[PDB]
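J.: Task: produce atomic coordinates for the following.
(7 chains)
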Amino acid sequence: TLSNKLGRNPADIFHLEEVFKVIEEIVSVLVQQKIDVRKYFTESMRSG
Amino acid sequence: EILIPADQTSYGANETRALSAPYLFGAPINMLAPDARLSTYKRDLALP
Amino acid sequence: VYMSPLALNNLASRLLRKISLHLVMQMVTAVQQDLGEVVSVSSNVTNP
Amino acid sequence: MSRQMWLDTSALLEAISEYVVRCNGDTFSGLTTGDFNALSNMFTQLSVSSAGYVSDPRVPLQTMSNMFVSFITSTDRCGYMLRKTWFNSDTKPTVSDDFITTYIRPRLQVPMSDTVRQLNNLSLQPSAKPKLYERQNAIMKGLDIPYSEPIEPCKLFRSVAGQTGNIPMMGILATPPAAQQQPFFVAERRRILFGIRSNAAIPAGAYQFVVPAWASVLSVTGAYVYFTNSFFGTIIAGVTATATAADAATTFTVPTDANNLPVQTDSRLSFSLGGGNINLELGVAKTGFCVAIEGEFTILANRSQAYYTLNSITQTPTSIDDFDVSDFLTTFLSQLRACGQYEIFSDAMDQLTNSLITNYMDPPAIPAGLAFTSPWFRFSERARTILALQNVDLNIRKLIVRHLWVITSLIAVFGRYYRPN
Amino acid sequence: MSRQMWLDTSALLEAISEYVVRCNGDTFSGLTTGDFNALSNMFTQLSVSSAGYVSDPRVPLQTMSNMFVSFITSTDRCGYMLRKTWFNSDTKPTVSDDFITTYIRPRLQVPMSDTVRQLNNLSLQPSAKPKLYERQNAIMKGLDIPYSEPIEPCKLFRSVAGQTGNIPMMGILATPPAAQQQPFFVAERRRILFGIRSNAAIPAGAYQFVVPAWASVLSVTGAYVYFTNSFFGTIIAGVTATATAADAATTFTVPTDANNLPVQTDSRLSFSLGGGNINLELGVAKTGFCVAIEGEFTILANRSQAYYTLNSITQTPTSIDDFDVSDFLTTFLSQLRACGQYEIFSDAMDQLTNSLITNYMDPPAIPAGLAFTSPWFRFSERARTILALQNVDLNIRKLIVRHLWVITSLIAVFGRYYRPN
Amino acid sequence: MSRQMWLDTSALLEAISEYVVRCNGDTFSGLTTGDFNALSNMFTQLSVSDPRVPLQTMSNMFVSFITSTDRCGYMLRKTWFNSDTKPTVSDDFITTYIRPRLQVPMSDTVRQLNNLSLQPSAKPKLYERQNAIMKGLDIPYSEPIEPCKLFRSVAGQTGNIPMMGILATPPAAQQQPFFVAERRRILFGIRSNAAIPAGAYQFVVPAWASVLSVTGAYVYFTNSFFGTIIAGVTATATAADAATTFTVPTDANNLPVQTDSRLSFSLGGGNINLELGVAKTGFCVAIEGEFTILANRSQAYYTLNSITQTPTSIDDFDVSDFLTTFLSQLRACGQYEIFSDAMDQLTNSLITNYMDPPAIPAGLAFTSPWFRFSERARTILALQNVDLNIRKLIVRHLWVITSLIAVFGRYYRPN
Amino acid sequence: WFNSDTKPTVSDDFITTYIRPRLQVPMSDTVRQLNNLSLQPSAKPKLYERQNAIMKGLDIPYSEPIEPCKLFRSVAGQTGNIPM
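T.: Numbers count the residues shown, from 1 in each chain, chains lettered A, B, ... in the order given. Here you go, the structure:
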């Protein structure tokens, strides 16, 4: 959605971190809970 | 017979039928026979 | 500069002072434990 | 502003067009194509005076055209463009007019852009149907067109003392002959042809054909040269196409190639019509003959200036093509009809054309006997007319034509997105 | 699934092709080309399974063709695509098939894709030879085609009350005439032909011509109009191309332009045959005359619908082209023969084209007199046949031709990388 | 060095051109168009305020190389063409510019994947031809070609364009089957001063045309050939006439003539069975459509294995169309003469290494310059005392060298 | 040695000591080119120029004058200039 209203992939223009921060804020409102996109995509189970 | 080429496993070793046949019903690791007994019920509830 | 050992040394000595690298790395222990298993699970005899 | 500034912007609009075409049906979600980024970047640069990023082009593109139409419609505004100076110099004028300030401004990178242009004339396979830019530069700054760029010889045709027309000659070439008439040098789309027609056989010997000024800049590659009786699918009388496996070979020679060039052979030839005259040695007598050169034609290096500057034109009246503008107008015209402005627009161009012509002759007054037979977009015919005024010295007539052309071209480029409603 | 879902994917495969063409011989060692970048990413979008860099793009492209042939053959599977509604509504069908799941889904970015598309019709130089995707859209959804895309008149042709065909009308144009016959209107690849044949001279004066339904869509630019006596290279008898410098001017006018258009002149013209008729004025009587319009042919704005919808068809039987599908099949065919399936395919196709027609006529049964004179890939002919069934009324016939076409094309695109082994 | 190496670089140079064409007038100030970024990177991949410079230097260093037997000799040897074997030569032009450029195996798996693409280039790069003529590689299945190029000499017919003067001469009696070709159409028929009965006639497809394939074709009757009247034949009909059709081994169905139908059929059958439905005082059938070269059979054309007679008629694989520029530059700096004399030795010396013992064969005199290849190709294919096969290679080989020049010399400017 | 710029593997006191690259590239060349185009070139040029001509086949200045009799070579009709 964010990328649709924007016209391109947010990452093409901004730092991924800055984008995630927006997604977080949003998603979290949809499920009532501080969510952290980051943690879902780690290198392994041992490395964060 | 090679069921899975080593280059396609995180553990770099071919998956032969001989490496599956002695275990359980003796079916190949990739095509293990499923216990679909409660299948229809899951599908309705919308479980995986 | 290259006519005098002193001169050259002074210039080199200076040129290098400015390099300032800052890298980002995973937790060592994590990687060495992950790769660790990969080895153990697949090696047939203490792999050097 | 600068004649350059307009060209630059035009070039950009044309680039935008090009990339819109490149992107058509290649816009898949989840994938940002390098092409789409370039298309996007260009949009940005278009509305550079009001934005630093663009979402959807549908609007700014429209706006630009609408404003442009509203511009070349009012003499009061676009007047500065109809003066003799605007076509001659690169002096940055000062015009207080929203359209000019907002859209017309430097676009091309100098000097790197020029360097590439040159490196191009040398390229192996240039565009077969080039952009308007190229033409605009040729006709205005008289720059070179690519060496390997193909062209249809018939366009290149101009009037010369001998034969007044090219297509008109079709009628005479079809009428059986009385005597052994003067030699004819005429041209088609994909082949040029010459010969001599008579009712009585021609003594198998040596004949000299003078190559007409207009064609003395042509060059062919991959050409077959045969004997024929048609011209645009029209039969020519007073010409034999008959020949026997026993006949003595017929060959021609050119002042460039020291070697003889065979005729009625399956060999693909390469030669140049520049340099002077074609020496044809007819091996067997024939009752009227027509040699045909069919292949790929290109204008010789550094000679395009003749075509595009109207130096091919020796006498008046003369028949001339339109450099293909008509093939570009199509869109803008179709858009004018779509909103019934096709009427008013014409009356405006007429005013423009006139106002332009005026500024060229001193004292400032429409010449006597200036009667247009065709509408602003049938250029070919209108240029003929400008070029036929006996009371205005040639050089000026040419300029009128060259200048009017650029403006027409510009219109064909900038108006395309017109939709007032 | 959705008809739209199929088109979208076709466009993708059709795009993958485009870029494969672009990358050929441009794949160097240390370079990163926007083209190869696009390509390699598109290679990814095919398979729902995996997204890793494709080391060998042949593999998945093959698996896809194979899966497709295996789908398109079994009527139990691809049946849903042969329903009346599939070619009509965008209602996602409740069908579960391995192919459809793995390869078909929406892929074009919305709304951007459409925006670009329309912006394109206005582009200056559209593709001279369009992807199938464009036709798919015109034939199925009735979308507009680029305002300045060229087209060869003769394809556009259809049968009219007056004359039955175009190509066949040739032989008659050859035979000298009994007496002053009725006007003819034929079309070649690069030119339109009209005139009146007679053995006796016909007076100098005004003559009205009714432009046909199929040709009232045409429009030309950069055109030379003259008197000729050839049709597709064949000689037309009962017409003269004679003339002299004294002859009075021979002008013709069209409703769209309030100015006289000259004939047998070196000027390049542009006019619209959408006016409904041509008004010719012979300046000097001729023993049978034939006018030719040779230039760049384009389909007027918002009129391509007549051609692609089969609405230009009024008679029965009728002459109908194939929208060029034949030209795209080439590859697939040569690939079929390669593995010996050219045979087995033709049989699955006949079952397809049959089973298709079936669903089109209520009540549900094959028509009487369905005599297929040609194989599935000679579409042009099979269309004539479908359109010749007196049983079913015109509309349902047309609909079947269109629906058939879309399927045909869909194959021409997906099959190509087919290799069973 | 390696023939491969020369090809790769040729390709790169051809690519540099492609992109220079792509960047003309698309070089704006606020952007860096994906194309230009690539062009920039290719320029760099050769050895940059002025791209003209390095490009020039490259061409210059080339002319002086290809112009000296002592240097480029190794390329004229028999082996260079035959194998991908390492050259022993150590000359700096080679070291500087000639070396592998194409990614692998990817570069290949693409050109393969190509052949099957829907819309291949209308006007192919020399690279593609080079590959066919040298390694005998497949051309894109859907690539169009003008058939008259494909023409070679055969049993009955000496040539193609020459038959024109004959087809224009009224006949004496019913003659033999003719099979000519134009740029956009195939012509076949039987002329006669006396009507030919209605029935079945068998035509044989010449060895050269037996590769063609047509799509979107209008097959009808005509009396024209290259815009020249075909006498002794009359295409005339009546809405009454019985249907005239034809058939080919390929397709099991009858294909109509004089119909407004788009036909698809291949001449790969070797014969065309015509059924004349009405007697005609001379008839000529025309096949006008899109001609492609049948899959897997382009070889014949490019290997020159399409030839059986001696002498023969032959085209230049379009090479003459690429020389245009290089020539223009030669004329600009008076080298035109000099280069030609040098090329004559290049050619002379090249032929030499092909025949044992190493001596210019007797009776060898060129009637045309180095760049009228179509002719020189003939002259070479006309030597009677020389074996035939080695004769074909000499042309194939001489072609590549020529193509190479057409590509590398373009930026030549010494002064 | 006359046909190419190949660095020779030869060790000789002379060559080592005196024969070495001495011209500023690419500047030297550009100045040379820029020259052929200049107004009054040297009327009695250095051997250098001639060397580059005879060896590399480079251009000479457009305005440099010469005595045509040197330019003379023999042709079909006359086998000589002075002899005539």
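J.: I figured residue D:173 hits residue D:236, correct?
T.: Yes: shown here, residue D:173 and residue D:236 form a contact pair, counting by Cβ atoms under 8 Å, at 4.5 Å. Heads up, the C-betas are built off the backbone N, CA and C, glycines and all.
J.: Next, show the common contact partners of those two.
T.: Common contacts of residue D:173 and residue D:236 (Cβ atoms under 8 Å, 6 or more residues apart in numbering or on different chains): residue D:197.
J.: Now do the helices in chain A.
T.: Using DSSP state H, the helices assigned to chain A run over residues A:2-6, A:10-13, A:16-31, A:37-40.
J.: Ok, which of those comes nearest residue E:200?
T.: Residue E:200 lies closest to helix A:2-6 among the helices of chain A, at 72.8 Å (Cβ to Cβ).
J.: Is there proximity between the closest one and chain E?
T.: No: using Cβ under 8 Å from any Cβ of the partner chain, helix A:2-6 never reaches chain E; the gap is at least 8.9 Å.
J.: which ones are touching residue D:187?
T.: Residue D:187 is in contact with D:153, D:154, D:156, D:157, D:166, D:193, D:215, counting by Cβ under 8 Å, 6+ apart.
J.: at 10 Å instead, please
T.: Residue D:187 makes contacts with D:152-157, D:166-167, D:193-194, D:212, D:214-215, D:218, D:231-232, D:293, D:297, as judged by Cβ atoms under 10 Å, 6 or more residues apart in numbering or on different chains.
J.: Please apply the same query to residue D:214.
T.: By Cβ under 10 Å, 6+ apart, residue D:214 lies in contact with D:153-160, D:166, D:185, D:187, D:306-307, D:312-314, D:318, D:320.
J.: From residue D:129, how far off is it?
T.: To residue D:129, residue D:214 is 21 Å away according to Cβ to Cβ, to the nearest Å.
J.: cool, residue D:306 as well?
T.: With distances taken as Cβ to Cβ, residue D:306 is found 21 Å from residue D:129.
J.: Pick out whichever of these two has more residues nearby.
T.: Between residue D:306 and residue D:129, counted using other Cβ atoms under 10 Å in any protein chain shown, the more crowded position is residue D:306 (20 against 10).
J.: My read is that residue D:280 contacts residue D:252, right?
T.: Yes: counting by Cβ atoms under 10 Å, residue D:280 touches residue D:252, with 4.4 Å between them.
J.: hang on, the earlier thing: out of the helices of chain A, which comes closest to residue B:18?
T.: Closest approach to residue B:18 among the helices of chain A is made by helix A:37-40 (38.7 Å; Cβ to Cβ).
J.: Determine how far that closest one lies from the middle of the whole chain.
T.: 8 Å (Cα atoms, centre = their mean, to the nearest Å).
J.: wait, does that helix make contact with chain C?
T.: No: using Cβ under 10 Å from any Cβ of the partner chain, helix A:37-40 stays clear of chain C, coming no nearer than 14.1 Å.
J.: just to revisit the earlier point, go through the contacts of residue D:214 and flag which are in strands.
T.: Judged by DSSP state E, the contacts of residue D:214 include D:185, D:187 as members of strands.
J.: Buried members of the contacts of residue D:214 into PyMOL, please.
T.: Per 16 or more other Cβ atoms under 10 Å in any protein chain shown, the buried members of these correspond to this PyMOL selection:
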select buried, chain D and resi 153+154+155+156+157+158+159+160+166+185+187+306+307+312+313+318+320
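J.: Residue of the stretch 201-350 of chain D closest to chain B, please.
T.: residue D:222 (51.1 Å; Cβ to the nearest Cβ).
J.: same question, chain C
T.: residue C:42 (5.3 Å).
J.: From residue C:43, how far out is the nearest residue to that residue once chain neighbours are set aside?
T.: Leaving aside its sequence neighbours, residue C:42 sits nearest to residue B:11 (Cβ to Cβ, 6 or more residues apart in numbering or on different chains; 5.3 Å). Using Cβ to Cβ, residue B:11 is found at 11 Å from residue C:43.
J.: before we move on, what about residue D:393?
T.: Distance of residue D:393 to residue C:43, computed by Cβ to Cβ: 97 Å.
J.: next one: residue D:134
T.: On the measure of Cβ to Cβ, residue D:134 and residue C:43 end up 68 Å apart.
J.: These two: which is more packed in?
T.: When neighbours are counted by other Cβ under 10 Å, residue D:134 and residue C:43 differ, and residue D:134 comes out ahead with 23 against 10.
J.: Quick check: that one touching residue D:151?
T.: No: the criterion here is Cβ under 10 Å, and residue D:134 misses it with residue D:151 at 11.8 Å.
J.: what's the overlap in contacts for these two?
T.: Common neighbours of residue D:134 and residue D:151 are listed as D:145, D:304 (criterion: Cβ under 10 Å, 6+ apart).
J.: so who does the residue in chain D that chain G sits nearest to touch?
T.: As assessed by Cβ to the nearest Cβ, chain G sits closest to residue D:258 within chain D, at 16.0 Å. Counting by Cβ under 10 Å, 6+ apart, residue D:258 makes contact with F:337, F:340, F:369.
J.: tell me the SS of it?
T.: Assigned by DSSP: H, G, I helix; E, B strand; the rest coil, the conformation of residue D:258 is coil.
J.: Quick check: phi and psi at it.
T.: phi -70, psi -10 (degrees, to the nearest 10).
J.: Excluding residues flanking it in the chain, which one is nearest the residue of the stretch 1-150 of chain D found nearest chain E?
T.: Closest residue of the stretch 1-150 of chain D to chain E, Cβ to the nearest Cβ: residue D:34 (2.7 Å). With sequence-adjacent residues excluded and distances taken as Cβ to Cβ, 6+ apart, residue D:34 is closest to residue E:34, at 2.7 Å.
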